[PDB]
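Chains as they are written, first to last, in the authors' numbering: chain A, 1 to 128; chain C, 1 to 128; chain B, 0 to 128. For every residue, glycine included, the Cβ atom is placed at its ideal position computed from N, Cα and C.
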Amino acid sequence: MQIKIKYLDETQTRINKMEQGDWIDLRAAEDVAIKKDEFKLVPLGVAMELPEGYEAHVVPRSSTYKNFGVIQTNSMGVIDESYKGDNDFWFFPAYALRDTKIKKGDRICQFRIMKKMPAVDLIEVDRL
Amino acid sequence: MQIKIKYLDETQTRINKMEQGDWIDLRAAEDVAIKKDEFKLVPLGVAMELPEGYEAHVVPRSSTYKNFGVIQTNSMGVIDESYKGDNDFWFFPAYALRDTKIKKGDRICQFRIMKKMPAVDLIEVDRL
Amino acid sequence: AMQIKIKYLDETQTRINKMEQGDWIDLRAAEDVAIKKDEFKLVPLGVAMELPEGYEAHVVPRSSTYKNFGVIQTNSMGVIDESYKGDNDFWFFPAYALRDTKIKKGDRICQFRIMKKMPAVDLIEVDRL
Ligand SMILES: O=c1ccn([C@H]2C[C@H](O)[C@@H](COP(=O)(O)O)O2)c(=O)[nH]1
Ligand SMILES: O=c1ccn([C@H]2C[C@H](O)[C@@H](COP(=O)(O)O)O2)c(=O)[nH]1
Ligand SMILES: O=c1ccn([C@H]2C[C@H](O)[C@@H](COP(=O)(O)O)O2)c(=O)[nH]1
Ligand code: NA
Ligand code: NA
Ligand code: NA
């Protein structure tokens, strides 16, 4: 299976091949400064068409907090197969626990794909 | 595959069907006000019997922080198949980074199911 | 059926027990750790593991971690790859404290499961989607 990837512009660093099954590091599309106790969407400079029936999960890298002092406000970001449009660029939602600077090209988070949950039948009951 | 769902009461909004594999939005069962730097378990007004051998994963929605100023203290909630009792209602563990008000019926987080990890044995060794 | 090889820091580490029905598995603080409000500490878990080939592990807080200890996990979910299998590749829990707190040696502070790694994928650059 394959992922089609469109970059925001030619200066974005092309990301790792995916022949191995490791999570894949994504990078700041531009410089982003965030003050202590403030929030910014860090653009990742990439848009993707994921395989039919899959979704992507995005979390911080292990070293992100140590080096940048940010947490990811939504814990883990879900990118559905449907977020496949020409302007559907990815972002990393960052809350700074201290004044910080992220520079263009800095690796800031990581992703993998996973099969979406199967079709399920929700049936209401009065008791369990 | 089916999930049996019990709602806290008649006023809880019945949630989305699960035909497409998308994550499913869960909603506040009552008004909850949270002060900056305080914590509250936000009731979701649902109890579920998940399919055998499955667990649920719960994370904020992408827009939760922007709209509500809360993060999920456990990052991703994991609800086991065994949490299927008639009083086993679900909660979103919220920490407010600013004063906030959540209203009854607001979408606050999302879940999916996933198969539990395969059978595995833990074997102590004296060296790797 | 599959196997996880687990090695402990020392004999004082309380050995981990697997939940027979496939539940996530709790891990324990390897030593006492004091963390001041708004400070960070990489809490040692006192375990190194060789995971099954083609698998990874996922680490999240327990539901009770915040109530008990007032900490959040700064990386959201830890990813432990199959390759992190060396004799000195000990696991940690990266804790940010939202209040002054003390964690005691042996406290169950986080939980893990394994999951198959994503399959091989071909990344293909395109000009438009
Ligand atoms: O951490 C995230 C979470 C989401 N998205 C993308 C995928 C979503 O489809 C879109 C937001 O749409 P809603 O989920 O808010 O509809 O943003 C990200 O780039 N990063
Ligand atoms: O984000 C979560 C995580 C867990 N639970 C369920 C399953 C737990 O067994 C139960 C109670 O958790 P503790 O009181 O053991 O933390 O809540 C949730 O509703 N939300
Ligand atoms: O919450 C975590 C996340 C990672 N690790 C381990 C596995 C990683 O291989 C290593 C850090 O390596 P990088 O991911 O920074 O390469 O730490 C942990 O013990 N706990
Ligand atoms: Na990369
Ligand atoms: Na609605
Ligand atoms: Na102990």
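Residue i - containing alpha helix (DSSP H), residue span
| i | result |
| --- | --- |
| C/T100 | First-last for C/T100: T100 to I102, but that is the beta strand (DSSP E), not the alpha helix (DSSP H). |
| B/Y54 | B/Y54 -> not in any alpha helix (DSSP H); beta strand (DSSP E) instead, spanning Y54 to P60. |
| A/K35 | No alpha helix (DSSP H) holds A/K35; DSSP gives it neither H nor E. |
| C/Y7 | First-last for C/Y7: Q2 to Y7, but that is the beta strand (DSSP E), not the alpha helix (DSSP H). |
| A/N67 | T64 to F68 |
Boundaries (first-last residue) of the beta strand (DSSP E) holding residue i
| i | result |
| --- | --- |
| B/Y95 | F91 to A96 |
| B/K115 | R107 to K115 |
| A/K40 | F39 to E49 |
| C/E10 | C/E10 -> no beta strand (DSSP E), and no H or E assigned at all. |
| C/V78 | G77 to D80 |
| C/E124 | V120 to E124 |
| residue 129 of chain A | Here chain A comprises residues numbered 1 to 128, so residue 129 of chain A is not present and cannot be evaluated. |
| C/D25 | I24 to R27 |
Presumed contact (8 Å Cβ cut-off) between residue i and residue j, rounded CB distance
| i | j | result |
| --- | --- | --- |
| B/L50 | B/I113 | 6 Å |
| C/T100 | C/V70 | 6 Å |
| A/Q12 | A/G45 | 4 Å |
| A/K104 | A/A29 | 7 Å |
| B/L128 | A/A47 | 6 Å |
| B/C109 | B/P60 | 5 Å |
| C/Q2 | A/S75 | So it is not a contact: roughly 27 Å between Cβ atoms. |
| C/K17 | C/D86 | About 23 Å; that fails the 8 Å criterion. |
| C/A96 | C/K36 | 6 Å |
| C/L41 | C/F89 | Not quite, the Cβ-Cβ distance comes to about 10 Å (not below 8 Å), so this is no contact. |
| C/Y65 | A/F39 | 7 Å |
| C/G21 | A/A56 | The pair is not a contact, with the Cβ atoms about 14 Å apart (cut-off 8 Å). |
| A/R14 | B/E124 | 7 Å |
| A/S62 | B/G77 | 7 Å |
TODO: Measuring from each Cβ to the nearest heavy atom of ligand 2, keep the ones under 6 Å and list them in chain order.
DONE: So the residues near ligand 2 by this Cβ test are C/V58, C/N74, C/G77, C/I79, C/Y83, C/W90, C/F91, C/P93, B/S62 and B/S63.
TODO: Select from the region 54-69 of chain A all residues with a C-beta closer than 7 Å to any C-beta belonging to chain B, and list them in chain order.
DONE: Result list: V59, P60, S62, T64 and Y65.
Open item on the list: Does the structure place the region 79-89 of chain A close enough to the region 69-84 of chain B that three or more beta carbon pairs sit under 8 Å?
Closed with: Because the criterion of three Cβ pairs below 8 Å is not met, the region 69-84 of chain B and the region 79-89 of chain A do not touch.
Task: For ligand 6, residues whose Cβ lies under 7 Å from any non-hydrogen atom - done: Cβ-based neighbours of ligand 6 within the cut-off: B/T11, B/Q12, B/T13, B/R27, B/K104 and B/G105.
Task: Residues, ordered as in the chain, of the region 97-113 of chain A that lie near chain C by beta-carbon distance below 7 Å - done: The region 97-113 of chain A vs chain C, Cβ under 7 Å: nothing.
Task: Closer than 5 Å to ligand 4: residues, by C-beta to nearest heavy atom, in chain order - done: Ordered along the chain, residues surrounding ligand 4 are A/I15, A/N16, A/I24 and A/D25 [Cβ under 5 Å from any heavy atom].
Task: Near-chain C residues of the region 73-91 of chain A (beta-carbon distance less than 7 Å), N- to C-terminal order - done: The region 73-91 of chain A vs chain C, Cβ under 7 Å: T73, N74, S75, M76, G77, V78 and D80.
Task: Members of the region 14-47 of chain A that neighbour chain B once the beta carbon cut-off is set at 9 Å - done: Under the 9 Å Cβ criterion, the region 14-47 of chain A contributes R14, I15, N16, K17, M18, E19, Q20, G21, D22, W23, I24 and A47.
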